[PDB]
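Encoded as structure tokens, the structure appears first; notes follow it.
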Amino acid sequence: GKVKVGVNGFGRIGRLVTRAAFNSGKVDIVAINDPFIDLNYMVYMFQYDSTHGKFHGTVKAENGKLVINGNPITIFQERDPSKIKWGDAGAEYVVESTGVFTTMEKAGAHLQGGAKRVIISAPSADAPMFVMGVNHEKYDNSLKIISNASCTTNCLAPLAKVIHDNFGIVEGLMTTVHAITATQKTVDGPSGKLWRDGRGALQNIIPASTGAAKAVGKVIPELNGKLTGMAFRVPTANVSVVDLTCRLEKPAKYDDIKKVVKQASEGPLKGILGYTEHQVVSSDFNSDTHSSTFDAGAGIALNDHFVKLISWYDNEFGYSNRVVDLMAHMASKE
Amino acid sequence: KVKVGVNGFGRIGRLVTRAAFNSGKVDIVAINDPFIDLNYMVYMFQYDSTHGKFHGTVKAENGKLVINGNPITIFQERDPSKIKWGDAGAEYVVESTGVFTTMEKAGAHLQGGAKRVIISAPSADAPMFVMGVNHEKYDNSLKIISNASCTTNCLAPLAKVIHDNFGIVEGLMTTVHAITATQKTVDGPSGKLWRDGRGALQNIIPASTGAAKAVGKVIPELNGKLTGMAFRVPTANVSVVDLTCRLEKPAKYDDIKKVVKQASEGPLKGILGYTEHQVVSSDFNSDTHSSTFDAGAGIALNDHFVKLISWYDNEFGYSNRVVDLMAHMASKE
Amino acid sequence: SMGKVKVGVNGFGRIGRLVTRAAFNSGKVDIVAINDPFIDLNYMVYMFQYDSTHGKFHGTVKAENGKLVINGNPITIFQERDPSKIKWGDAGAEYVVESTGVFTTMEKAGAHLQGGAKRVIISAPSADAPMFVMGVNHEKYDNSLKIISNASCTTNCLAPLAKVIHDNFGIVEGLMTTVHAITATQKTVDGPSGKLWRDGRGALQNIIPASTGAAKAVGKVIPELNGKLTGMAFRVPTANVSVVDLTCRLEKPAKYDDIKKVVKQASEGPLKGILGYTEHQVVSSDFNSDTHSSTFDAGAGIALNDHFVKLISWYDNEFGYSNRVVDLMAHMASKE
Amino acid sequence: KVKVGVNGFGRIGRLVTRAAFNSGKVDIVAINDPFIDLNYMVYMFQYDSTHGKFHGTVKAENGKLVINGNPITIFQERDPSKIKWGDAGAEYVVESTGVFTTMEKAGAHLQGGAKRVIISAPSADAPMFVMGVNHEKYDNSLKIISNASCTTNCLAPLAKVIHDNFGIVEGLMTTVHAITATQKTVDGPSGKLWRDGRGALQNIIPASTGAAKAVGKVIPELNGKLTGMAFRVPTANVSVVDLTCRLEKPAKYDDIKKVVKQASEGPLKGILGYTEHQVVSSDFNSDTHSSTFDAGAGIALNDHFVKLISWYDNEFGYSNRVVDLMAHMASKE
Ligand SMILES: NC(=O)c1ccc[n+]([C@@H]2O[C@H](COP(=O)([O-])OP(=O)(O)OC[C@H]3O[C@@H](n4cnc5c(N)ncnc54)[C@H](O)[C@@H]3O)[C@@H](O)[C@H]2O)c1
Ligand SMILES: NC(=O)c1ccc[n+]([C@@H]2O[C@H](COP(=O)([O-])OP(=O)(O)OC[C@H]3O[C@@H](n4cnc5c(N)ncnc54)[C@H](O)[C@@H]3O)[C@@H](O)[C@H]2O)c1
Ligand SMILES: NC(=O)c1ccc[n+]([C@H]2O[C@@H](COP(=O)([O-])OP(=O)(O)OC[C@H]3O[C@@H](n4cnc5c(N)ncnc54)[C@H](O)[C@@H]3O)[C@@H](O)[C@@H]2O)c1
Ligand SMILES: NC(=O)c1ccc[n+]([C@H]2O[C@@H](COP(=O)([O-])OP(=O)(O)OC[C@H]3O[C@@H](n4cnc5c(N)ncnc54)[C@H](O)[C@@H]3O)[C@@H](O)[C@H]2O)c1
Ligand SMILES: *[C@](O)([C@H](C)CCc1occc1C)[C@@]1(O)[C@H]2[C@@H](CC[C@@H]2C)[C@H](C)[C@]2(O)OC[C@H](C)C[C@]12O
Ligand SMILES: [Cl-]
Ligand SMILES: [Cl-]
Ligand SMILES: [Cl-]
Ligand SMILES: [Cl-]
Ligand SMILES: [Cl-]
Ligand SMILES: [Zn+2]
Ligand SMILES: [Zn+2]
Ligand SMILES: [Zn+2]
Ligand SMILES: [Zn+2]
Ligand SMILES: [Zn+2]
Ligand SMILES: [Zn+2]
Ligand SMILES: [Zn+2]
């Protein structure tokens, strides 16, 4: 009954999707491809995690396979995704978590080796994009190549849904203060396409472009063209925050806003959108599996139509859990 | 050159003194700090993790601190009232401690025979200035005055240009702020401000700030039209303001760029910077601007609703302003 | 006569909170009272519940009827600056953990006896109290000793390793560096530290050399090494976990594989839980929340020759030490 | 002044260039990087998170990089053997890419008409030099050489003074070293060196290093008598050496201080520094010494067994030594 899954790119997201799948039992990981991490290295990289701690389970190399909690995983080492024998390994869905194959054309290479469906762990220029709790019911069986959007979109869209559903968003500008990621550099280094992203990640606050707010208008079509934003990368290793400045169509007191977010967090968006009035800081959300946790005490309203709302997200662990949730929902529809 | 005294030799005290000797706009003659003896003052002024070693000379001679060959008198006097300023020849005096922010508690410097007191911080009830915005509203009647905060000094110059040209209907500000001395290394006690106790290396920390409201006190027309909040992040210096605002008259982003650029080259030269370069925070380390507009970092949704980004070295910009203020108060004497 | 000793904690800080956490996790002692004039009851709930380094408390914690209630156990809360005025006896606290950092002499720590505590355990080195390292000299504790010290995090890392090396090969002389995480004594940005100037400098920006008596202290808990060790520290910008680097000359020849064998044997037997052993390609975060006093890193050390070696051992300076405070108190209880 | 080509405009190539223009000791006339276009070189050279904005001018002009008014020929060759150094007039080439560290690979620059190559890293086969210690062993027969590492350049000058005066029987070195470009921001792949893949911001990371053993090549009397290891820690620049050594002759700590201080003022001036100040790592940012002995930080167990501490700006000290080595080579012809 559980869908069998293959992971392309055993990185932060590849490893934590694997970790999430084994922790939740919602899907079964049967194959991993990563040309830059051999089998014995995968054991080490999966077992020890600077951010989320040692894996709670067993991992070893046995008979040329990676065995997680007694479950053997076929390991591939292919640079070219069209050459990965997913079908032979029994992988039905492929998580595409390399960062380099994000178009439907590129991600579609996995169909050549026998995958049935591909879930891109990032925004896509052209794939249908999903955020669990917001538009995952728009998924249908005709969609072989889909995107789970970004961490930032998965934080903003559940909050935006609640605000838009209750009061309407006329227009919104978003900032995300975002943890450093593997794309950044330790010291000033080369990033020919994006100069600021080459600058030393430990030393700097680094402004960066993001399509994450615009993307919310693709997962919530009524908000198409009504949102945009940007990011600052800062020197923390995990956990990020969204700051949405928006104008509301209908007036809302800040306590009205709190009430509808809290109600959504306790009912239909349970496990997706969280709600806190605690005096939280970023490390309080390390390994928190929500997509989005609204911080009641941190936001501020100028008036009943113009507000700044704050939501936290563990950019690694919330998203990884969402990738697994999406695949479980896809499988239920087969 | 007016002759100046400093109460506290903390980051602002030291950096005002540094700015005073580097600019040569004013001239320091006295300092007071109980948690800090003369020999220790030499070391704290000479070496600085953030801004580097002082360019010049500093020594203890005859019980005075001597900077670039200039003797300075050193009080230890635990109570501001008890501060023999006039003795030392301190015309104006900078209140850098920030537990004497009110006008009464900081009136105390008048008791010691000091003429006029520039406070290095927001005040509940004193007249706040920001150079380039409302300093031309200083006349001689004024004693205890405020130079506002670092963040207000970043936000107000940009707000002035944007309001002057397009009108700000309303705005909400975020500052992403480097760590400060009020934060803790590891989770520790901050009983009035619990989030501020949490370890500063490990955390993004949301914080209240009155800086955006305060803009409405130096720019009366923006009173009640701005508020905001902050995030403390684990960098050692240089902060950024993110102002999201709704404009009355429509403005293409290229028009916003044009007016900010004009202002930076003209009347706000030295105060409001303008760049289109692909900058990051450390590029503004020891930059003496109040506010530098980052053209490439900002983003418009439409002609009425825009997000504008401005950098400030929270330590250094402000310190230079406190000196600039005194040079300008000296020309009004 | 004495069963599970009841404990009071003076100073609810990193160590006071994590000793509390260790006591509830291990069950070895019962925390019945806490004193901190800088953290009121509602604030204690928050500071205990959420921890940047070690994560949310796995249990329940709340305030009710003026008590702190942890895992349903009510704890009496005091707010006294002067330790002679804390009513430990009325609250049922028998041993007191003196974890403020400002009462480390037998005379200052002994203030707790005035309010009815029976014994005091100073969570730091002491100029005059008997000092103990679990696994090394705790069996030298006797019930005549009412005020004692559990030494420092660093001494608890070095001593168990120094014991094994000395016992097997003989240490002629040794010099130790500890590369140590930042602590609450340091500053976020350059600020005043009148007696220790370097310690005022910004903790996030700098490597900061600091004196430490931790190596010299090993010669007090292992008398045969008296005057044979000393060392120093560098503070670096990590929030927790530290490492000891011991360079020593050995009396008998020791191949590195022999050193590894005897450490592994000690870690598996008499020093189990105290001294660990690994050959894994570890880094500091791998020991976050690790309860060992000392984990020998086989791959990180290096021998110049059979008599001159550099040995590396990791320690969670918060969590290893806090567990050791609990362990020592339960040992003390067993000897009443 | 000898004319110099720089292969690779990473951190070393950039700071060698900066050292060259700052000191004036050599004339940079060409730079090769296949990966980094001219406009991007301007940006990478002008702005530096660690050392600040370049003190001077830099611009693109007529297809050349122009620094302080000096045009520099820019190449974009993947294959070192194809770089036309001769046509650009580059006599010596600094091989700073990190991937051409053997004599076979480094020697490709000679095919394009370079006369000598200086590898800005340890080499498995090129002779290694440390200025102040064995640079007088350089001779005109040596067409391809190495300037060793930043750590060897720190340890060797201190080891030389101690050995010369007291004799080193045996020594073990630890270096607590700032992060570098080879590390990762979060846990990532490093297949030959698993610990070095782990997040550099989060971790103390132990690493093997031949830097201490290498001292036995530049000081042959110490062959087999020194080794050590490194800890990478989350600071962005400046490192420190901790040398634990047994001495043949007795030495009071105060005798150690005297001989290091004399060395710092005489033959090793500018190379080996000496301080009794209460320094921390940031006090050495942009310091051009190879090695600064920290008198206050070290400790003696006895007259024969000591721990000595010496700071080094791994970037700036080393880059200045590459320039100084080239000036010394130029002095021989
Ligand atoms: N905070 C986050 O990291 C985050 C959150 C949500 C989504 N994502 C997205 O998920 C993707 C991966 O994110 P990440 O942080 O884990 O980066 P990452 O660098 O850790 O992932 C790359 C991994 O895939 C492997 N890989 C690289 N090229 C490959 C190839 N050609 N074939 C197979 N494997 C290859 C890498 O060696 C590495 O193990 C990115 O698109 C990223 O933006 C990231
Ligand atoms: N890595 C470590 O933190 C570590 C490891 C081993 C031992 N120790 C030792 O344990 C002691 C505490 O270490 P720490 O890191 O937790 O420091 P800390 O600052 O976190 O502990 C101080 C706590 O006690 C409270 N306190 C202060 N003065 C008090 C008083 N007069 N009465 C009652 N309570 C008071 C503080 O408000 C604070 O809550 C120190 O001596 C320290 O060196 C610390
Ligand atoms: N001893 C060795 O065997 C060895 C091995 C690897 C690296 N290294 C050396 O690297 C040194 C300096 O490092 P850094 O901190 O400046 O690193 P860096 O990454 O900042 O500089 C490397 C630069 O070389 C450039 N580069 C890469 N390939 C190139 C090519 N084919 N042609 C021209 N340029 C190219 C890159 O653009 C990059 O900017 C030392 O760490 C170390 O000595 C040495
Ligand atoms: N409105 C506000 O936001 C607010 C609130 C409180 C304080 N403050 C002030 O506090 C300062 C913080 O800036 P900082 O970086 O200089 O902090 P800081 O900690 O470095 O400044 C304190 C310095 O003054 C010295 N000092 C302390 N008490 C003193 C006294 N009674 N008399 C004389 N000197 C004393 C300190 O020992 C220290 O050297 C102001 O810049 C300002 O922020 C402002
Ligand atoms: C220094 O820093 C060392 C050698 C890095 C690693 C190391 O430290 C001690 C022992 C080892 C093996 C450098 O690599 C510098 C590099 C950039 C930063 C980095 C820390 C400088 C500028 C360097 O010159 O590159 C050449 C080299 C091998 C050494 C180097 O100094
Ligand atoms: Cl865990
Ligand atoms: Cl309009
Ligand atoms: Cl936990
Ligand atoms: Cl400079
Ligand atoms: Cl002797
Ligand atoms: Zn309305
Ligand atoms: Zn300077
Ligand atoms: Zn004027
Ligand atoms: Zn022997
Ligand atoms: Zn026992
Ligand atoms: Zn001196
Ligand atoms: Zn010479």
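The phi-based Karplus calculation (6.51 cos²θ - 1.76 cosθ + 1.60; θ = phi - 60°) puts the 3J(HN,Hα) values of segment B:137-145 at 9, 9, 10, 5, 3, 8, 9, 3, 10 Hz, whole numbers, x for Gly and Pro.
Averaging Cα coordinates gives a centre for segment C:114-144 and one for segment D:245-294; these two points are 42 Å apart. Pull out a ≥ b ≥ c, the square roots of the eigenvalues of the alpha-carbon gyration tensor of chain A, then state rounded if a/c is under 1.5, prolate if not and a/b is larger than b/c, and oblate in the remaining case. In terms of gyration-tensor shape, prolate. In this Cβ point-charge picture (+1 for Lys and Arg, -1 for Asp and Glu), segment B:1-140 has a dipole of about 300 debye about its Cα centre. Other residues within the sphere of radius under 12 Å centred on the Cβ of A:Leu194, judged by their own Cβ, net out at +4 (K and R +1, D and E -1). Averaged over the residues of peptide D:304-312, the number of Cβ atoms from other protein chains lying within 10 Å of each residue's Cβ is 3. Per residue, chain D reaches -7500 deg cm²/dmol at 222 nm when only DSSP H runs of four or more residues are counted, each adding -39500 (n - 2.57). Here is the list for segment B:197-299: trypsin sites (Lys or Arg not before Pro) lying in DSSP coil, each with at most 15 other C-beta atoms within 10 angstrom of its C-beta, are B:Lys252, B:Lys269.
Computed from backbone phi with θ = phi - 60° and the Karplus coefficients 6.51, -1.76 and 1.60, the 3J(HN,Hα) list for segment B:31-41 is 8, 10, 7, x, 8, 5, 8, 5, 5, 6, 4 Hz; x is used for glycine and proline.
For D:170-177, what's the mean count of beta carbons from other chains sitting within 10 Å of each residue's beta carbon?
For peptide D:170-177, the averaged partner shielding equals 5.
Among A:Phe10, A:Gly90, A:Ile29, which residue has its Cα positioned farthest towards the positive end of the charge dipole of segment A:4-127, with +1 placed on the Cβ of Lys and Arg, -1 on the Cβ of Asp and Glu, and the dipole taken about the Cα centre? The residue sitting most towards the positive pole is A:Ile29. Spatially, segment C:1-58 and segment D:77-95 are offset by 66 Å when compared through their Cα centroids. The trypsin sites (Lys or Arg not before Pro) of segment A:183-269 that DSSP puts in a loop, and whose beta carbon has at most 16 other beta carbons within 10 Å, are A:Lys193, A:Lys253.
For the protein assembly as shown, the Cβ-based charge dipole about the Cα centre amounts to some 20 debye (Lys, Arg positive; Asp, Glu negative; other atoms uncharged). With Cβ to Cβ distances under 11 Å as the rule, what net charge do the other residues near B:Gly191 carry (K, R +1; D, E -1)? Taking every Cβ under 11 Å from that of B:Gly191, the sum is -2.
Each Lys and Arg adds +1 at its Cβ and each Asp and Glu adds -1 at its Cβ; summed about the Cα centre, chain B shows a dipole of about 320 debye. With each label modelled as a point 7 angstrom along the Cα→C-beta vector, the C:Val102-A:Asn141 pair spans 7.3 nm.
Using a simple spin-label model with pseudo-atoms 7 Å out from Cα toward Cβ, D:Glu276 and C:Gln114 lie 4.3 nm apart. Name the shape class, rounded, prolate or oblate, that the alpha-carbon gyration tensor gives for segment A:151-315, where a ≥ b ≥ c are the square roots of its eigenvalues, rounded holds for a/c under 1.5, and otherwise prolate holds if a/b is larger than b/c and oblate otherwise. Taking the square roots of the gyration eigenvalues as a ≥ b ≥ c, segment A:151-315 is prolate.
Between the helical axis of A:317-332 and the longest alpha-carbon principal axis of chain A there is an angle of about 70 degrees. Going by neighbour counts of Cβ atoms within 10 Å, the residues D:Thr102, B:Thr151 line up, fewest first, as D:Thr102, B:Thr151. The mean count of C-beta atoms from other chains within 10 Å of the C-beta of residues in D:292-298, rounded to a whole number, is 2.
For chain A, the mean residue ellipticity at 222 nm estimated from helices alone is -7500 deg cm²/dmol, where every DSSP H run of n ≥ 4 contributes -39500 (n - 2.57) and the total is divided by all residues, rounded to the nearest 500. For the pair segment A:78-101 and segment A:260-330, the centres of their Cα atoms are 32 angstrom apart. Taking a ≥ b ≥ c as the square roots of the eigenvalues of the Cα gyration tensor, chain B is prolate, since a/c reaches 1.5 or more and a/b is larger than b/c. Rounded to the nearest 0.05, the FRET efficiency derived from the C-beta distance between D:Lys332 and A:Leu194 at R0 = 60 Å is 0.85.
What does the charge count around B:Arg232 come to, taking other residues whose C-beta lies under 12 Å from its C-beta (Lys +1, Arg +1, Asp -1, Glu -1)?
Every neighbour counted, the sum reads +2.
For segment D:92-192, applying the loop criterion from DSSP together with a ceiling of 14 other beta carbons within 10 Å to the trypsin sites (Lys or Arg not before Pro) yields D:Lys192.
The amide H of B:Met128, built 1.01 Å from its N in the peptide plane, has B:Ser146 as neighbours under 5 Å, considering only residues 5 or more places off or on other chains. Most simply put, segment B:3-126 has about 30% antiparallel DSSP beta bridges, counting only bridges with both residues inside it. Placing a label point 7 Å from the Cα of B:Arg78 along the Cα-to-Cβ direction, the residues of segment B:16-43 with a backbone N closer than 17 Å are B:32-37.
Reconstructed Cβ throughout: ideal geometry from the backbone, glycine too, with neighbour counts over all protein chains shown. Coordinate-derived values only; no laboratory data.
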